[PDB]
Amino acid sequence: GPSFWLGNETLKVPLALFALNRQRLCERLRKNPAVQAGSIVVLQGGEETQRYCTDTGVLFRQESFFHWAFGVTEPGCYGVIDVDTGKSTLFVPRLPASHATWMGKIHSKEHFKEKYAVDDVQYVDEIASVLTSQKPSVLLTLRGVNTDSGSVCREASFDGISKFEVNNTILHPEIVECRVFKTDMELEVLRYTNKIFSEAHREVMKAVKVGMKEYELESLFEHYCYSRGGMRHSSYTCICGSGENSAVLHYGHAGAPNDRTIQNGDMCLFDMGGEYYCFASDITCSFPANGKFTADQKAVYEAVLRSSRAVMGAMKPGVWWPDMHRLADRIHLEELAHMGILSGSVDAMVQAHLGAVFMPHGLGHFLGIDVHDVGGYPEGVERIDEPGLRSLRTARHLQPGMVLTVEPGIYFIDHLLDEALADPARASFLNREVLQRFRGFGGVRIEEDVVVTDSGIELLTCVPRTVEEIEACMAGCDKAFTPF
């Protein structure tokens, strides 16, 4: 069958991937006792948007559920699935003649049918007539709450939809659950995005020089990924945090746009990712700007390497993700105590939530079509109201087919350190004279992407990770990729 491809060495993604997702969704819905025979899933694709009141176009990226089901890159579409038969119908815009001048060839419905390997293609202006002729019992539309943004998913609507029976509660939990478990075809794409991003991280480690701006490395990474990987869209704003900026967890946004000069002695924390055909990946590398770890840098870094690998080594089906987060906390505290930053009983430190002072974010998150992927907190799975754990993006137990980031870190964040020092329950653990040396250190984060298997995990990411590996990578002469 057909495949999405951007030529050269980019990955061919079969449109069969989306057909399988549609099948899986129907299979799940058929088992839901509330689902009536004759139901039709109705999804609405994204539309082109512009900047404020201007005619400046925003680069179009498909809505994630719609992509998951159909893989359609064009704006202005709808897609429906007959639950009982699995039959798919794509609705495409009927375009004006002037499109051929400004935008490109006006493709036939048959072109789209072949391109997307759906059962039928119709024009958007006929959606009410077409669905009427199919005599559905109920239209199943998408409405629910994303548990990372708190936003409500936008339900499909079209002129005439008021004449149908519409249910907007059943679909969301079911399609979310399908997205949580990746098919082998989806995993192939995530292996590819990890390959390209792993290569680009290596090129950045090779190219970094003291005196560069953070954004120079962001730019190089993005250029490698687009020109060599076909990765055009960003799945999130890149974090290139040097020096004290590596303690700022989502550094790099408009308010803090990666314009610090990298200095001799800095630690760099490079959290850079993106997507291919709307499949995301998310990798973080930490390394000394000047290519040589100091003793302090080695100690902090190897603490996070230790928790990274202890978590990966423990992950397998049935493991509770919050237990992995607490495992990382305990290891960080042990290592910070060995360094002399902390003293006392690590058991007592854990009871006082001291780990969250050094790792205030969740250990890691589901990954898929969104970087913070859906389904972390389905009905019955509660957020834990404790420091650190409350920021976890899932409190689920692991099952085969889940894709997770594993991203422990240790940071020196002044307002958290200052809170802890003011609190007698935590202050006693902290050795102020040693900690003072680490003020302004920033932090270290090591982020791997993994898939849960029947027996453990498959690591998707492949970057240098030990101190010796990183130092060797940075000292390499072959860049093999020199734009100007």
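Heads up: residue numbers just count along the shown sequence, starting at 1.
Relative to one another, 249 to 257 and 211 to 219 have unequal mean CA B-factors, and 249 to 257 is the one with the higher figure. Between 337 to 345 and 365 to 373, the higher mean Cα B-factor belongs to 337 to 345.
The residue among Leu417, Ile446, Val450, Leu59 whose C-alpha atom has the highest B-factor in the PDB entry is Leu59. Within the listed group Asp84, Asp296, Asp282, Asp323, the record reports its top CA B-factor for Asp84. In this PDB entry, the Cα temperature factor of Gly355 sits in the bottom third of its chain's modelled residues, the lowest group.
Split the chain's modelled residues into thirds by C-alpha temperature factor. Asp385 is in the highest one. In the deposited entry, the Cα temperature factor of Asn32 sits in the top third of values across the chain's modelled residues.
In this PDB entry, the Cα temperature factor of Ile262 sits in the middle third of its chain's modelled residues. In the PDB entry, a CA B factor belonging to the highest third of its chain's modelled residues is recorded for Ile40.
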